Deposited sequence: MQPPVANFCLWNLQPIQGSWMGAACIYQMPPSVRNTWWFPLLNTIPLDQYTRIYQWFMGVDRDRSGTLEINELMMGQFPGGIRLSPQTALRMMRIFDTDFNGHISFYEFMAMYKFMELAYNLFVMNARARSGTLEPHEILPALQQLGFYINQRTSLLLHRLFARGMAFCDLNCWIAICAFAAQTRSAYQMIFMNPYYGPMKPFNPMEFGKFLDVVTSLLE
């Protein structure tokens, strides 16, 4: 674009650098870090108010019990299992707590997932039928096959998969992205190839099949 009245922000704007440079290196290094630059200051402040309502001991961090007990936007609730998946995605320094910055990324992740649920729940409001899982995951960036989409519905759902079970699926897919990073950072496998979503999709198909 060259129009002065419609200029778009650039990735890596100098105006954000100082903040980014002060962030913990574990957070900056994660695959999901770009979520944080999708959040405007007004939403940062709403998210903080949400955080304060889930932060039962005013520690300024969330522990898995607070995730298990918390309510999230859109009525989302996290089972003990899904809460652990969220910890394994977002607790980037493996110390058993999620910081505010890690929670912001989790919140935005859930918002994206929520949006895709509502956009893809076409057959029956409030649920995803098995055939609706595939397009919703693809739109999120998870390029799986049909067999995988039906398996995910079966494992995480009932004939219908509600919002909470969808969040659980998305958490599994994201936790598998973190796993891929952990596996392939091992220098045994040589220099890490750039991320290819189609190739990661095959990895996700293989890993999902191990859940039965």
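Practice task
Would you list the gaps, meaning deposited-sequence stretches without C-alpha coordinates, in the order they occur?
Solution key: Model skips 1 to 6, 164 to 165 of the deposited chain.
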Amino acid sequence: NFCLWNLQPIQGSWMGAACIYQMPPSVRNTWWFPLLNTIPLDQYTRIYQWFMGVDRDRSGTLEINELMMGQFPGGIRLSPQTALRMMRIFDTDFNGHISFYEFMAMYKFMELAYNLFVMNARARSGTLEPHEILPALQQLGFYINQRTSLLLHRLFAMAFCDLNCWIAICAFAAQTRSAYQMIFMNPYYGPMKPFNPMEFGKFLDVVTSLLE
From here on, numbers count along this sequence of modelled residues.
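Practice task
May I ask you to compare 175 to 183 and 143 to 151 by their mean CA B factor in the entry and name the higher one?
Solution key: Higher of the two, by average CA B-factor, is 143 to 151.
Exercise for the section: Could you check the entry and say whether 194 to 202 or 12 to 20 has the higher mean CA B-factor? Expected result: The deposited B-factors put 12 to 20 ahead on the C-alpha mean.
Practice task
From the list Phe90, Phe109, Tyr101, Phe72, select the residue with the highest C-alpha B factor recorded in the entry.
Solution key: The listed residue with the largest C-alpha B-factor is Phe72.
Exercise for the section: Please work out which residue in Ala168, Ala159, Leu35, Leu67 has the highest C-alpha B-factor recorded for this crystal structure. Expected result: It is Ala159.
Exercise for the section: Please place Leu210 in the lowest, middle or highest third of its chain by C-alpha B factor as given in the entry. Expected result: Middle third.
Exercise for the section: Name the third of the chain's ranked CA B-factors that contains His97, choosing lowest, middle or highest. Expected result: As the PDB entry reports it, the C-alpha B-factor of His97 lands in the highest third of its chain.
Practice task
Comparing against every modelled residue in the chain, figure out the third that the C-alpha B-factor of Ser26 lands in (lowest, middle or highest).
Solution key: Within its chain, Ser26 is a highest-third residue by C-alpha B-factor, going by the deposited values.
Practice task
Name the third of the chain's ranked CA B-factors that contains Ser125, choosing lowest, middle or highest.
Solution key: Ranked within chain, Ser125 CA B lands in the highest tercile.
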